Structures are given as C-alpha cells and as structure tokens.
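Shown next, in structure tokens, is the structure this report addresses.
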Amino acid sequence: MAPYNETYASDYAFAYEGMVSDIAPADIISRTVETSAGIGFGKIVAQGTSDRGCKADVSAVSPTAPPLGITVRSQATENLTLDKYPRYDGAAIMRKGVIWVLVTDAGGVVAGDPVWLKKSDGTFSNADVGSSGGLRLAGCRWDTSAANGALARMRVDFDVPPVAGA
Amino acid sequence: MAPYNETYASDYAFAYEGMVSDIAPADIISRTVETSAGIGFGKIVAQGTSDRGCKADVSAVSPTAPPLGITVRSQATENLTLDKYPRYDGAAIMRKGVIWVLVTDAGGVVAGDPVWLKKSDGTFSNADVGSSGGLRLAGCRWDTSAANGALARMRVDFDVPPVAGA
Amino acid sequence: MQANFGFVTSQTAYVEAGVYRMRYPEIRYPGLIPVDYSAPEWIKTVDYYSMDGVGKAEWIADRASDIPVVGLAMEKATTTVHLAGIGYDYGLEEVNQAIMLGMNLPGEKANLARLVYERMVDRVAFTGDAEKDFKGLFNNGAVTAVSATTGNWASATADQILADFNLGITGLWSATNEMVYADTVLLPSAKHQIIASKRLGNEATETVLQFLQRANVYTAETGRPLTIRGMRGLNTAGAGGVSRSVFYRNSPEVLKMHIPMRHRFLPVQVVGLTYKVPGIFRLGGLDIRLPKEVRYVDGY
C-alpha cells in the first residue's frame, strides 16, 4: 500500500533505463561482469581481460579496440544490487536491436542523428566533445526526439567499426 | 573397435574445422561449387562465374570484388571426398554467425583483434602481410585466444566492405 | 577421422558392432566431493545456519535456589547459484540421411552432451573459473599452505618421506586443537607413484605407500585405512609451480556443492532448414565451510 513517489502522472511513461522494443532480430550475448561494482542496465561495455568478460570502463576504447555492446534490463538480478548486474554474472549484451537509453546533451536529440560516445564517462550524445575524448559509433542512429536527461530509443549495430574524432 | 589415432586426451576438444556455435541469427547461403577439386569446410570463397557459383580461389579479391563468405561443416557430403564439398554441390556459405576457423599466425591471436586475409593462400591472421597481398575484413573479430595452427572462433559480417592494405 | 555419415563397405566383409569411443581421464569427482542437489530450480542463493549454547552446573541445597540457566545463539551464512548451458543443432537432410542408416542423430547428440556436462561439473568442482569466483578444492585461498621439510621424494630416503607425509596429519591435528583427524590425502600423480614402489629401508618387505596406509594417527585408533588417492591436476598447482598435496576430512559438514538444476533440453526451434535444440544447466560453486580442516602442503 506504498504511496511514496506518487506523482499523479497524466499517462503511462514510455520505458525504463534499458528495456528493449520488440523486433525480429537481436544479437544478445552472454558475458561475465568484471568490475568490482555492478554494471547498470542501459550502459556501454568494453572488452574484458577474461576472454569472455566485460568492464564498465570505456575510457580507453579506440577504433582498434571498439566497444563491445550495451547491456539490457534483466529484472532477475540477485536483489542485492538494486538495478545492476553484480560481479561474476551473466551480462546479456545487445548489439543489433533497438534499445531505450539515457540522453546526455544540452539541446537534446531528434529522429535521425549521429550517436557520439564520451569516453570519459560513457554517455551518449549528439555531437563530438571536441578534445579527442569522443568516438562516433558509426552504425547507430536515434529514433525519438528527447530533451536533456530523458529516455530515447536508438537503433544500434556494433559490427561497423567506430570513427575517432578529435 | 578402431583404436588408431588414440591420444588419451585430458578432456574433450573444442570444435572441428568449420563447425558453428549456436546463436539466433545466421545468413546461410546456398551456392554451387565451381572448383575442380572440392572446397574445405572452414574456408573463404569468392564469387563464381555461374551467377550463383563459388570458387576457392581468392587470389584476386579486392574492395571492388569482395569475398563471398565462409563454408560450414555439413557432415553429409558424398563420402568420396573426405571433408569437402564436391564439384557441383550445394555449398552452404555463412556470412553472419560465429564460426570456428583455423589460425595461421606466428604469435597467435587474442580476444579482440582485426582479421586479415592473405590473398595468396586464403588464410586468416592477426596483422597485414605487408606486400599488397592482404585484405582486412572490416567487419570481423576474433572470440578466442589461440596459438599457431589451432582452432579459434570468430564473429563475421560480410556486408561491411573490405579494406585494402599495402 | 572423418565427418561424412557414409562409409564404403564391401559385400563379403563383416562389420563388427562395437562403438569404441576415445579415452579421457575418469570423472573422479563422485566419491571425492559431496554433491547435494535438492534446492528448487531457479533459486538464486543458498542459506545455512549454525547454533551454539552456554551453560554451567552447580551444587544446590534443600532450599537454596542456586539453579543456573542456559543460553543459546545463532549465526547465518550464504552462497550463490549460477546458470550455464550447452546444446546441439542439425540440418534437415543430415538427420534424414542418418535416419535411413539407423544412426539416430538426435539421440547420439544427447549422450555426448551429458558427457561434456559431467566434464564441466568436474572442472568446476576441482578447480576455479575466475568468471564466477568458484574457488576449487586445489586452489582455495582460505586454507593454510605450508612447505615440506626439504623433501623432493626423488633421491630421498624413506625417513624423509615418512616425516613429510606425517607432517600434514600432525599439522592438521594440532590446527583444530586436537579434535579432528585427516581422512583423505590427494598427491600429485608423478609422486604418488615414486612412493608406491620403493622399500622402507635397504632391507625391508613393504613399500613406503603401504606403510602409511596404516600406522598413522587416523587408521590405528579408529580402525579404517587412510585413503591415499592419486590425483591428476596436482602436478604443478603450488606456490611456484610445485606439486601440492591436500589433506582433509571429507564430510558433508566440511565440503558441499549445490546443483539445483542438473541438465535440461528445451523445445526445438526451426529456422530455415536448420533445427536448434538449446540445453541449459544451473549449478553453483564449491563451498569449503571449515577451512581449518583442509591443509595444503607444497614441494613434495
């Protein structure tokens, strides 16, 4: 009977942090979490050192060492970390479907835009940062107009090599 | 009761020459073998002259004429050629899944590496040969650390155009 | 070998009906580790309790109510359970070509899948993955590992061999305040065999392995022989790649291994002239609850 965090919303929300939207194709890949803390749901991941592991640290990704994919919302995750994949757990990375993610940009994004990754934190945006600290995920595009700090769905394809931007 | 070629192995091996590893997507394509001799199982193939044929000769592939794909282990192949697709036979080319192949490199490969094709013989390796005789399969990556002349599984996507390297 | 499902045989030849498979080291976990599979499927953790009590007994009188009382206390601990899988797939004309030869491809891919499942369970039990931090019996970092008293067991007299072997049992007996005795001992393969065939002295009749079978702390006072078992992966498990031997008590209250789900086959899904059957099994890691009743000695 818990009425806390009641906002009396006009209508239903759109999605959650890492939920997918149904479509026939999806590469979902099982990896093992390597970071000491968990990994959030809609997040980018790099290639681990365990030959099948992944890390949440993408500060050193390059066109030669591209990022691995994006985690998905699992909803059965050990109930000790709130919404995360705990250490030593199947990660369920996705690299082909359409997924809801979080926007980090001042002016927001619109339907068809490039997707730029900020290597410092691992956040998605519309344009390059400008100090050799951003990559462009070459095969990727948005699918929703959204403001700053809101959820937008994007279409992703990680087999296309990334592009470095200074 | 045939005990020849008994090596008393510690545990089971990993895979065979051209076996696949299960995953939801796979483009498997039916082509007709054009070479006089057969074609091996985990091998690269070029575009034939019969509008649906394939050849095992990839000595003339370029970014303008990219290779076609990789054959898969069929296990029902006319029992006259040991492990090959005989002349005039359905070839079952694959160009999207993850497949076990043979490594030809001095130092071996690790988890995430570029895949370089040597046009002279048609062998996969980690780095370019260095005399305008190698291509880079742009969308391709390894998935296992393996030594020289061992089996390693790699993820393959042949719709991305190749890159010429001198 | 070959992979064609078809062989050219003569018409005047006899085809012996015997399936000879290749040899692999034996399974060797059943009977060396207690495994209990009773948890409901798709659990996520496993809980277990303890219990300890305190009291005292005094002298009373015909009226003085000096009667003392007792007290109780409890503590809880937990472990986890993970998921893995392996399965097979096949084409259409492959299985139809194997059916008219009496091969039964779907049933011949299940035998070997069970076999590789047992292989996986063994590897998880006797060593670690470093993907789930499933510390194994041979490399658990919570037990004490000491070195042998200059014993290489090659060019070593049986005095040194006996001293080194009794070092493990005398070092575990005093480590539990003289309460528990070693039950089983696992030695490297290379050195279980050097000690198996040499005499105690220049003139003797028994081997130094047959001597420590009995004539130890455990076997004489309670009456059963000590299980000196020869092991396979202990050859280089050690501090600097040197052989390790393990002494332990082998009870369900020392070791445990939880396997909620054994191995499952799910329905077949057909995608364009290809059939894919996925197989899943859900198991946890090895648990050493009493680390003071397991001892590592290196350098034998």
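If you're wondering about the labels, chains in the structure tokens are A, B, ... by order shown, residues count from 1 in each chain, ligands from 1 in order shown.
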Where does chain C meet chain A within 12 Å, residue by residue, with the nearest atom pair and distance in Å to one decimal for each, counting only C-alpha atoms, listed by chain and rising number, as CSV?
```
residue,atom,partner,partner_atom,distance
C:42,CA,A:76,CA,10.4
C:43,CA,A:78,CA,9.9
C:44,CA,A:78,CA,6.6
C:45,CA,A:78,CA,8.2
C:46,CA,A:78,CA,11.9
C:79,CA,A:78,CA,11.6
C:80,CA,A:78,CA,9.2
C:81,CA,A:78,CA,10.0
C:82,CA,A:89,CA,7.7
C:83,CA,A:90,CA,8.1
C:84,CA,A:90,CA,9.0
C:85,CA,A:30,CA,10.9
C:129,CA,A:50,CA,9.9
C:130,CA,A:50,CA,8.1
C:131,CA,A:88,CA,5.6
C:132,CA,A:88,CA,4.5
C:133,CA,A:88,CA,6.9
C:134,CA,A:88,CA,9.6
C:284,CA,A:89,CA,11.9
C:285,CA,A:88,CA,11.9
```
What lies within 8 Å of residue 99 of chain A using only C-alpha atoms, ignoring chain neighbours under 2 positions off, as a CSV table (one decimal) with N, CA, C and O atoms, in the first residue's frame?
```csv
chain,number,residue,atom,x,y,z
A,18,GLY,N,16.9,0.4,-19.6
A,18,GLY,CA,17.5,-0.4,-20.5
A,18,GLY,C,16.6,-1.4,-21.3
A,18,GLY,O,17.0,-2.4,-21.8
A,19,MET,N,15.3,-1.1,-21.2
A,19,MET,CA,14.3,-2.0,-21.8
A,19,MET,C,14.4,-2.0,-23.4
A,19,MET,O,14.8,-1.0,-23.9
A,20,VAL,N,14.1,-3.1,-24.0
A,20,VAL,CA,14.2,-3.2,-25.4
A,20,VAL,C,12.8,-3.1,-26.0
A,20,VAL,O,11.8,-3.1,-25.3
A,21,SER,N,12.7,-2.9,-27.3
A,21,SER,CA,11.4,-2.8,-28.0
A,21,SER,C,11.4,-3.9,-29.0
A,21,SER,O,12.4,-4.1,-29.8
A,97,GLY,N,19.7,-4.8,-31.8
A,97,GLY,CA,18.3,-4.4,-31.7
A,97,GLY,C,18.1,-2.9,-31.6
A,97,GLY,O,19.0,-2.1,-31.9
A,101,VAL,N,17.7,4.2,-24.1
A,101,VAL,CA,18.9,4.7,-23.4
A,101,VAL,C,18.7,6.1,-22.9
A,101,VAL,O,17.6,6.7,-23.2
A,153,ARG,N,14.9,6.0,-27.6
A,153,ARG,CA,15.3,4.7,-28.1
A,153,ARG,C,16.2,4.9,-29.3
A,153,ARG,O,16.0,5.9,-30.1
A,154,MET,N,17.2,4.1,-29.4
A,154,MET,CA,18.1,4.2,-30.6
A,154,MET,C,18.3,2.8,-31.1
A,154,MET,O,18.3,1.8,-30.5
A,155,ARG,N,18.7,2.8,-32.4
A,155,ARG,CA,19.0,1.6,-33.2
A,155,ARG,C,20.5,1.5,-33.3
A,155,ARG,O,21.2,2.4,-33.6
A,156,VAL,N,21.0,0.3,-33.1
A,156,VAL,CA,22.4,0.0,-32.8
A,156,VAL,C,22.9,-1.1,-33.6
A,156,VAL,O,22.2,-2.1,-33.8
```
TODO: With a distance cut-off of 6 Å and only C-alpha atoms, select the neighbouring residues of segment 104-120 of chain A, excluding the residue or stretch itself and same-chain residues fewer than 4 positions from it, and output the selection as a PyMOL selection string.
DONE: chain A and resi 58-59+124-127+133-137+141-149
Deliver the residues from the most recent selection as a file, using C-alpha atoms, as a PDB file, in the first residue's frame.
```
ATOM      1  CA  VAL A  58      35.371   2.554 -21.601  1.00  0.00           C
ATOM      2  CA  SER A  59      37.955   5.275 -21.051  1.00  0.00           C
ATOM      3  CA  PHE A 124      25.672   9.155 -25.413  1.00  0.00           C
ATOM      4  CA  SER A 125      25.166  12.483 -27.146  1.00  0.00           C
ATOM      5  CA  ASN A 126      24.510  14.166 -30.480  1.00  0.00           C
ATOM      6  CA  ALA A 127      27.827  15.870 -31.313  1.00  0.00           C
ATOM      7  CA  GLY A 133      37.695  12.346 -25.929  1.00  0.00           C
ATOM      8  CA  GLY A 134      34.765  11.207 -28.050  1.00  0.00           C
ATOM      9  CA  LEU A 135      34.066   8.405 -30.504  1.00  0.00           C
ATOM     10  CA  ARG A 136      31.379   8.087 -33.148  1.00  0.00           C
ATOM     11  CA  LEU A 137      29.559   4.762 -33.204  1.00  0.00           C
ATOM     12  CA  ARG A 141      21.059   6.220 -35.007  1.00  0.00           C
ATOM     13  CA  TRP A 142      18.367   7.706 -32.807  1.00  0.00           C
ATOM     14  CA  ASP A 143      14.668   7.009 -33.107  1.00  0.00           C
ATOM     15  CA  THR A 144      12.994   9.577 -30.827  1.00  0.00           C
ATOM     16  CA  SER A 145      13.144  13.286 -30.126  1.00  0.00           C
ATOM     17  CA  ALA A 146      14.019  13.781 -26.463  1.00  0.00           C
ATOM     18  CA  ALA A 147      15.224  16.552 -24.170  1.00  0.00           C
ATOM     19  CA  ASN A 148      18.182  16.505 -21.785  1.00  0.00           C
ATOM     20  CA  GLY A 149      18.262  13.658 -19.283  1.00  0.00           C
TER      21      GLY A 149
END
```
Selection near segment 110-116 of chain C, 10 Å with only C-alpha atoms, sequence-local residues under 6 positions removed, as a short mmCIF file (atom, residue, chain, number, x, y, z; two decimals) with C-alpha atoms, in the first residue's frame:
```
data_model
loop_
_atom_site.label_atom_id
_atom_site.label_comp_id
_atom_site.auth_asym_id
_atom_site.auth_seq_id
_atom_site.Cartn_x
_atom_site.Cartn_y
_atom_site.Cartn_z
CA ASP B 11 39.28 -33.78 -21.87
CA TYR B 12 37.07 -33.12 -24.88
CA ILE C 27 35.22 -38.48 -13.86
CA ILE C 86 25.34 -26.27 -23.93
CA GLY C 87 23.34 -27.83 -26.73
CA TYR C 88 23.30 -29.12 -30.29
CA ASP C 122 34.14 -31.89 -12.63
CA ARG C 262 21.05 -30.85 -13.49
CA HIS C 263 20.65 -30.56 -17.28
CA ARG C 264 17.64 -29.67 -19.37
CA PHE C 265 16.62 -29.85 -23.02
CA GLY C 279 20.39 -27.17 -23.40
#
```
Open item on the list: Taking only C-alpha atoms into account, find every residue of chain A that has an atom no more than 8 Å from chain B, and write it out as JSON, numbers by chain.
Closed with: {"A": [25, 26, 27, 47, 51, 64, 65, 159, 160, 161]}
